[PDB]
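Note: the block below is input-v7.cif and it holds mmCIF, C-alpha atoms.
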data_input
loop_
_atom_site.label_atom_id
_atom_site.label_comp_id
_atom_site.auth_asym_id
_atom_site.auth_seq_id
_atom_site.Cartn_x
_atom_site.Cartn_y
_atom_site.Cartn_z
CA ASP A 1 13.55 -5.36 1.70
CA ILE A 2 13.04 -6.07 5.39
CA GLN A 3 10.91 -9.00 6.61
CA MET A 4 7.87 -7.54 8.32
CA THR A 5 6.18 -10.20 10.47
CA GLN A 6 2.66 -9.53 11.82
CA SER A 7 0.64 -11.40 14.47
CA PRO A 8 -1.95 -12.62 15.23
CA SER A 9 -3.16 -13.43 11.72
CA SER A 10 -6.75 -13.26 12.91
CA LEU A 11 -8.79 -12.98 16.10
CA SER A 12 -12.45 -13.03 17.12
CA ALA A 13 -13.76 -10.27 19.36
CA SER A 14 -16.93 -8.40 20.25
CA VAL A 15 -17.79 -4.70 20.54
CA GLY A 16 -16.04 -2.95 23.41
CA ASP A 17 -13.00 -5.23 23.62
CA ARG A 18 -9.46 -3.82 23.59
CA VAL A 19 -7.69 -5.33 20.57
CA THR A 20 -3.92 -5.38 20.03
CA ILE A 21 -2.04 -6.11 16.78
CA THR A 22 1.77 -6.14 16.64
CA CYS A 23 4.45 -6.10 13.90
CA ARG A 24 8.15 -6.83 14.20
CA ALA A 25 10.98 -6.08 11.76
CA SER A 26 14.00 -8.18 10.77
CA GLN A 27 16.19 -5.11 11.27
CA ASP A 28 15.89 -1.60 12.70
CA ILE A 29 13.46 0.48 10.64
CA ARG A 30 13.37 3.26 13.27
CA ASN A 31 9.89 4.79 13.37
CA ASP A 32 9.12 4.65 9.66
CA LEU A 33 6.00 2.53 9.91
CA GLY A 34 2.32 3.04 9.20
CA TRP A 35 -0.88 1.15 9.89
CA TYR A 36 -3.63 0.66 7.34
CA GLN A 37 -7.15 -0.70 7.48
CA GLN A 38 -8.90 -2.39 4.57
CA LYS A 39 -12.56 -3.30 4.43
CA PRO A 40 -13.69 -5.97 1.92
CA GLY A 41 -13.71 -4.70 -1.68
CA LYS A 42 -12.08 -1.29 -1.12
CA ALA A 43 -8.61 0.23 -1.00
CA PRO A 44 -6.50 0.53 2.16
CA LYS A 45 -6.75 3.65 4.32
CA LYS A 46 -3.90 4.97 6.45
CA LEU A 47 -4.64 5.23 10.17
CA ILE A 48 -1.20 5.98 11.58
CA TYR A 49 2.21 6.95 10.22
CA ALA A 50 5.66 7.59 11.67
CA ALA A 51 4.76 4.90 14.24
CA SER A 52 2.62 7.15 16.47
CA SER A 53 1.09 10.04 14.49
CA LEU A 54 -2.68 9.86 13.97
CA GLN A 55 -4.02 10.40 10.47
CA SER A 56 -6.36 13.37 10.08
CA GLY A 57 -9.97 12.26 10.57
CA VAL A 58 -9.19 9.11 12.54
CA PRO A 59 -10.81 8.37 15.97
CA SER A 60 -8.54 8.61 19.01
CA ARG A 61 -9.35 5.04 20.00
CA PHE A 62 -6.60 4.16 17.51
CA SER A 63 -3.07 4.61 18.77
CA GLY A 64 0.25 3.10 17.80
CA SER A 65 3.58 2.80 19.56
CA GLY A 66 6.99 1.31 19.06
CA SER A 67 10.33 1.98 17.43
CA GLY A 68 13.22 -0.15 16.21
CA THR A 69 11.87 -3.65 15.53
CA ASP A 70 8.81 -3.96 17.80
CA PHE A 71 5.63 -2.06 16.91
CA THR A 72 2.04 -2.19 18.10
CA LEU A 73 -1.38 -1.04 16.95
CA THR A 74 -3.87 -0.64 19.79
CA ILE A 75 -7.63 -0.12 19.73
CA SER A 76 -9.29 1.03 22.97
CA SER A 77 -12.88 0.05 22.37
CA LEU A 78 -13.66 -2.01 19.31
CA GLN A 79 -16.57 -0.45 17.34
CA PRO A 80 -19.07 -2.07 14.91
CA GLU A 81 -17.24 -0.41 12.01
CA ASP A 82 -13.74 -1.44 13.04
CA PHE A 83 -14.04 -4.95 11.64
CA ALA A 84 -11.64 -5.32 8.73
CA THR A 85 -8.07 -6.43 8.09
CA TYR A 86 -5.15 -4.33 9.34
CA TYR A 87 -1.72 -4.01 7.72
CA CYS A 88 1.58 -2.54 8.87
CA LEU A 89 3.88 -0.92 6.28
CA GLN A 90 7.67 -0.62 6.42
CA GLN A 91 8.75 2.69 4.89
CA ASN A 92 12.45 2.81 5.84
CA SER A 93 13.61 1.30 2.52
CA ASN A 94 11.87 -0.61 -0.32
CA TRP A 95 8.21 -0.93 0.67
CA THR A 96 7.38 -4.13 2.53
CA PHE A 97 4.20 -5.17 4.31
CA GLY A 98 3.05 -7.46 7.09
CA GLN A 99 0.93 -10.55 6.35
CA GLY A 100 -2.17 -8.95 7.85
CA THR A 101 -4.55 -9.23 10.78
CA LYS A 102 -8.26 -9.63 10.20
CA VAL A 103 -10.48 -8.90 13.17
CA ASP A 104 -13.92 -10.52 12.92
CA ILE A 105 -17.17 -10.81 14.89
CA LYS A 106 -17.27 -13.09 17.94
CA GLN B 1 -9.18 17.50 -3.20
CA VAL B 2 -6.62 14.78 -4.00
CA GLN B 3 -8.08 12.09 -6.21
CA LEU B 4 -6.49 9.16 -8.06
CA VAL B 5 -8.11 6.85 -10.64
CA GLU B 6 -6.79 3.64 -12.22
CA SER B 7 -7.97 2.16 -15.51
CA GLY B 8 -7.06 -0.29 -18.25
CA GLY B 9 -7.27 -3.48 -16.23
CA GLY B 10 -9.11 -6.43 -17.73
CA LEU B 11 -8.98 -10.02 -18.95
CA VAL B 12 -5.77 -11.08 -20.74
CA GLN B 13 -4.30 -14.40 -21.90
CA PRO B 14 -1.11 -15.80 -20.32
CA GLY B 15 1.73 -14.16 -22.19
CA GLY B 16 0.01 -11.08 -23.56
CA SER B 17 0.83 -7.47 -22.65
CA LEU B 18 -1.36 -4.87 -20.97
CA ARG B 19 -0.92 -1.23 -19.96
CA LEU B 20 -2.27 0.36 -16.78
CA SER B 21 -3.09 4.03 -16.32
CA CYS B 22 -3.50 6.12 -13.17
CA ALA B 23 -5.07 9.56 -13.65
CA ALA B 24 -4.16 12.08 -10.92
CA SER B 25 -5.82 15.39 -9.95
CA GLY B 26 -6.24 17.71 -6.97
CA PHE B 27 -2.55 18.30 -6.27
CA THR B 28 0.74 19.26 -7.91
CA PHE B 29 1.39 15.90 -9.60
CA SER B 30 4.74 17.06 -10.97
CA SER B 31 6.21 17.36 -7.45
CA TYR B 32 5.37 13.90 -6.10
CA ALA B 33 6.70 10.37 -6.40
CA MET B 34 4.27 7.67 -7.52
CA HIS B 35 3.93 3.96 -6.66
CA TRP B 36 2.14 0.86 -7.88
CA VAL B 37 1.04 -1.85 -5.46
CA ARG B 38 -1.01 -5.03 -5.99
CA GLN B 39 -3.00 -7.59 -4.09
CA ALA B 40 -3.57 -11.18 -5.22
CA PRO B 41 -6.99 -12.74 -4.53
CA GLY B 42 -7.15 -13.57 -0.84
CA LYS B 43 -3.59 -12.42 -0.22
CA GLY B 44 -1.99 -9.31 1.21
CA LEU B 45 -0.44 -6.13 -0.19
CA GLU B 46 2.74 -6.14 -2.28
CA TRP B 47 4.69 -3.16 -3.52
CA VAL B 48 5.63 -3.34 -7.21
CA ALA B 49 7.16 -0.10 -8.52
CA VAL B 50 8.11 3.54 -7.93
CA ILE B 51 9.05 6.47 -10.17
CA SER B 52 10.53 9.75 -8.90
CA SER B 53 8.89 13.11 -9.74
CA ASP B 54 10.97 13.95 -12.82
CA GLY B 55 10.86 10.36 -14.01
CA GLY B 56 14.60 10.35 -13.38
CA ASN B 57 14.57 7.29 -11.10
CA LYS B 58 12.66 4.01 -11.30
CA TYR B 59 12.77 0.93 -9.03
CA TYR B 60 11.02 -2.48 -9.29
CA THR B 61 10.69 -5.65 -7.16
CA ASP B 62 12.76 -8.62 -8.32
CA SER B 63 9.60 -10.42 -9.47
CA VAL B 64 8.81 -8.04 -12.36
CA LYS B 65 12.25 -6.75 -13.43
CA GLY B 66 12.52 -6.73 -17.20
CA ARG B 67 8.79 -7.33 -17.67
CA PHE B 68 7.22 -4.13 -16.29
CA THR B 69 8.10 -0.53 -17.15
CA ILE B 70 6.86 2.43 -15.14
CA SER B 71 6.57 5.90 -16.64
CA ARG B 72 4.70 9.21 -16.24
CA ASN B 73 3.54 12.26 -18.20
CA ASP B 74 3.77 15.38 -16.04
CA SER B 75 1.76 17.14 -18.71
CA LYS B 76 -1.36 14.98 -18.72
CA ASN B 77 -0.88 14.22 -15.02
CA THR B 78 -0.84 10.51 -15.68
CA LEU B 79 1.14 7.55 -14.33
CA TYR B 80 1.56 4.36 -16.38
CA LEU B 81 2.58 0.72 -15.95
CA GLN B 82 3.49 -1.28 -19.06
CA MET B 83 3.26 -5.01 -18.31
CA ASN B 84 4.70 -7.60 -20.72
CA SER B 85 4.83 -11.41 -20.52
CA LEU B 86 1.92 -11.69 -18.06
CA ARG B 87 2.07 -14.86 -15.97
CA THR B 88 -0.90 -16.33 -14.08
CA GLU B 89 0.84 -15.29 -10.87
CA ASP B 90 0.21 -11.62 -11.64
CA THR B 91 -3.57 -11.85 -11.37
CA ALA B 92 -4.33 -9.01 -8.93
CA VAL B 93 -5.92 -5.60 -8.29
CA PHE B 94 -3.40 -2.82 -8.92
CA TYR B 95 -3.40 0.46 -6.96
CA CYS B 96 -1.49 3.69 -7.54
CA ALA B 97 -0.50 5.58 -4.39
CA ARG B 98 0.92 9.03 -3.84
CA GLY B 99 4.60 8.95 -2.94
CA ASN B 100 6.75 11.53 -1.22
CA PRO B 101 6.69 15.34 -1.59
CA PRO B 102 9.81 17.39 -2.30
CA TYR B 103 12.48 17.50 0.43
CA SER B 104 11.65 14.28 2.29
CA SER B 105 12.62 10.58 2.41
CA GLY B 106 12.25 9.02 -1.03
CA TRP B 107 10.32 6.21 0.62
CA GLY B 108 7.80 8.49 2.28
CA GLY B 109 4.13 8.99 1.55
CA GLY B 110 1.53 6.32 0.99
CA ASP B 111 -1.35 8.52 2.12
CA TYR B 112 -3.59 8.50 -0.97
CA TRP B 113 -4.66 5.55 -3.11
CA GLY B 114 -6.87 5.02 -6.14
CA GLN B 115 -9.83 2.63 -6.23
CA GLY B 116 -7.86 0.16 -8.35
CA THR B 117 -8.27 -1.95 -11.51
CA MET B 118 -7.99 -5.72 -11.55
CA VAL B 119 -5.95 -7.62 -14.09
CA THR B 120 -6.92 -11.25 -14.29
CA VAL B 121 -4.55 -13.19 -16.52
CA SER B 122 -6.26 -16.39 -17.63
CA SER B 123 -7.46 -18.12 -20.77
#
So that I can check it, write out the structure of this file as structure tokens.
Amino acid sequence: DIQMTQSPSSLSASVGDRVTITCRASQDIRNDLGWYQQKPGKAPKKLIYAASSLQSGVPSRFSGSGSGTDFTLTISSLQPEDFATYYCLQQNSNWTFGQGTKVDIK
Amino acid sequence: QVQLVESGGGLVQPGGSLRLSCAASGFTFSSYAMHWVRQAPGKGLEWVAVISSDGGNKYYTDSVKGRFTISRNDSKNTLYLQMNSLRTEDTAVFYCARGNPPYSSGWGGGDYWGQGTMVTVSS
């Protein structure tokens, strides 16, 4: 039960922009972290796992980096379908999440 | 292909009991760990419970200890969640997610989820 703290909680952007969401842990969770995206009314979908590994079928514009207590989800060029809320998951011990980051239209 | 489906959610009165079901298919259910997660209206994701493959181990978050009981039937390929003493703070959509495969961190997985059922405890 680690305290996963995500920021920003929200941010406005437009197509093309390079967005950056970060998560920090209250203690070392190594590289056991995964990013998820959730569009309104559906279930979350894993984008990355093990901090940097891409999930099969996910565009390369999504990349993640970090280890220890500082992690980061990066998007190269924001696409019209990338608007949704993003969550980071701590998988080192008992599952814990981040508050969430919703990226919406400028 | 891997597919998970939840059912049994609905409208219940504060204090009643309700049982959730998660039907699995498309993989060797017997060799995976299974989880239950929920999401309150307008809030984020919260892990609730996990059961090991052989049903040998079970773990719950402080908030539901004594009230919820997780179980599975490796014959019908089904995962269950028995909820008792439902409080208004449990209103949420519940999801079942695939856990870890054999020979890997017991906290691994989280790659496949169901569509979810929503339990709304109100009168």
Quiz prompt | Residue IDs satisfying the PyMOL selection byres ((chain A and resi 87) around 9), as number ranges by chain | solution = A: 6, 23, 34-38, 44, 85-86, 88-89, 97-102; B: 44-45
Practice problem: Translate the PyMOL selection byres ((chain B and resi 33) around 8), as applied to the file shown, into an explicit residue set as an MDAnalysis selection string. | Solution: chainID B and resid 31:32 34:35 50:53 98:101 106
Exercise. Residues of chain A near chain B: apply a cut-off of 7 Å, count only C-alpha atoms, and supply the list as a PyMOL selection string.
Key: chain A and resi 42-43+46+91-93+95-97+99-100
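Between atom CA of residue A:27 and atom CA of residue A:2 lies a distance of 6.7 Å.
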Exercise. Take atom CA of residue B:38 and atom CA of residue B:117 and report the distance between them in Å, one decimal.
Key: 9.6 Å
Exercise. Report the residues retrieved by the PyMOL selection byres ((chain A and resi 75-79) around 6) from the displayed file, expressed as a PyMOL selection string.
Key: chain A and resi 15-19+61-62+74+80-82
Please save C-alpha atoms of the selected residues as a PDB file, in the frame of the given file.
ATOM      1  CA  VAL A  15     -17.790  -4.700  20.540  1.00  0.00           C
ATOM      2  CA  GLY A  16     -16.040  -2.950  23.410  1.00  0.00           C
ATOM      3  CA  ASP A  17     -13.000  -5.230  23.620  1.00  0.00           C
ATOM      4  CA  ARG A  18      -9.460  -3.820  23.590  1.00  0.00           C
ATOM      5  CA  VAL A  19      -7.690  -5.330  20.570  1.00  0.00           C
ATOM      6  CA  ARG A  61      -9.350   5.040  20.000  1.00  0.00           C
ATOM      7  CA  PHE A  62      -6.600   4.160  17.510  1.00  0.00           C
ATOM      8  CA  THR A  74      -3.870  -0.640  19.790  1.00  0.00           C
ATOM      9  CA  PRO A  80     -19.070  -2.070  14.910  1.00  0.00           C
ATOM     10  CA  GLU A  81     -17.240  -0.410  12.010  1.00  0.00           C
ATOM     11  CA  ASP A  82     -13.740  -1.440  13.040  1.00  0.00           C
TER      12      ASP A  82
END
Self-check item: Separation of atom CA of residue A:69 from atom CA of residue A:11, in Å and rounded to one decimal
Solution: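 Going from atom CA of residue A:69 over to atom CA of residue A:11 covers 22.7 Å.
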Please identify all polymer residues within 12 Å of residue B:68, counting only C-alpha atoms, omitting same-chain residues fewer than 3 positions from it, and present them as an mmCIF file with C-alpha atoms, in the frame of the given file.
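Written output follows (part.cif):
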data_model
loop_
_atom_site.group_PDB
_atom_site.id
_atom_site.type_symbol
_atom_site.label_atom_id
_atom_site.label_comp_id
_atom_site.auth_asym_id
_atom_site.auth_seq_id
_atom_site.Cartn_x
_atom_site.Cartn_y
_atom_site.Cartn_z
ATOM 1 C CA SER B 17 0.830 -7.470 -22.650
ATOM 2 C CA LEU B 18 -1.360 -4.870 -20.970
ATOM 3 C CA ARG B 19 -0.920 -1.230 -19.960
ATOM 4 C CA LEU B 20 -2.270 0.360 -16.780
ATOM 5 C CA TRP B 36 2.140 0.860 -7.880
ATOM 6 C CA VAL B 48 5.630 -3.340 -7.210
ATOM 7 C CA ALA B 49 7.160 -0.100 -8.520
ATOM 8 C CA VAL B 50 8.110 3.540 -7.930
ATOM 9 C CA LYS B 58 12.660 4.010 -11.300
ATOM 10 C CA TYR B 59 12.770 0.930 -9.030
ATOM 11 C CA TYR B 60 11.020 -2.480 -9.290
ATOM 12 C CA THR B 61 10.690 -5.650 -7.160
ATOM 13 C CA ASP B 62 12.760 -8.620 -8.320
ATOM 14 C CA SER B 63 9.600 -10.420 -9.470
ATOM 15 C CA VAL B 64 8.810 -8.040 -12.360
ATOM 16 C CA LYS B 65 12.250 -6.750 -13.430
ATOM 17 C CA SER B 71 6.570 5.900 -16.640
ATOM 18 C CA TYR B 80 1.560 4.360 -16.380
ATOM 19 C CA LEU B 81 2.580 0.720 -15.950
ATOM 20 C CA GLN B 82 3.490 -1.280 -19.060
ATOM 21 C CA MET B 83 3.260 -5.010 -18.310
ATOM 22 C CA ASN B 84 4.700 -7.600 -20.720
ATOM 23 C CA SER B 85 4.830 -11.410 -20.520
ATOM 24 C CA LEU B 86 1.920 -11.690 -18.060
ATOM 25 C CA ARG B 87 2.070 -14.860 -15.970
ATOM 26 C CA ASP B 90 0.210 -11.620 -11.640
#
Six-sided padding of 4 Å per side, axis-aligned box over stretch 85-104 of chain A, centre and edges in Å, one decimal, as AutoDock Vina command-line options:
--center_x -0.2 --center_y -3.9 --center_z 6.4 --size_x 35.5 --size_y 21.4 --size_z 21.5
Quiz item: Got a sec to check which residues sit within 7 Å of (10.5, 5.0, 9.9), counting only C-alpha atoms, and write them as a PyMOL selection string?
Solution: chain A and resi 29-33+50+91-92
File dump, residues just selected, C-alpha atoms, as a tab-separated table (two decimals), in the frame of the given file:
chain	number	residue	atom	x	y	z
A	29	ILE	CA	13.46	0.48	10.64
A	30	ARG	CA	13.37	3.26	13.27
A	31	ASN	CA	9.89	4.79	13.37
A	32	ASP	CA	9.12	4.65	9.66
A	33	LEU	CA	6.00	2.53	9.91
A	50	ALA	CA	5.66	7.59	11.67
A	91	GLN	CA	8.75	2.69	4.89
A	92	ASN	CA	12.45	2.81	5.84
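Restricting the calculation to only C-alpha atoms, the smallest distance between residue A:26 and any of A:10, A:71, A:39, A:5 is found for A:5.
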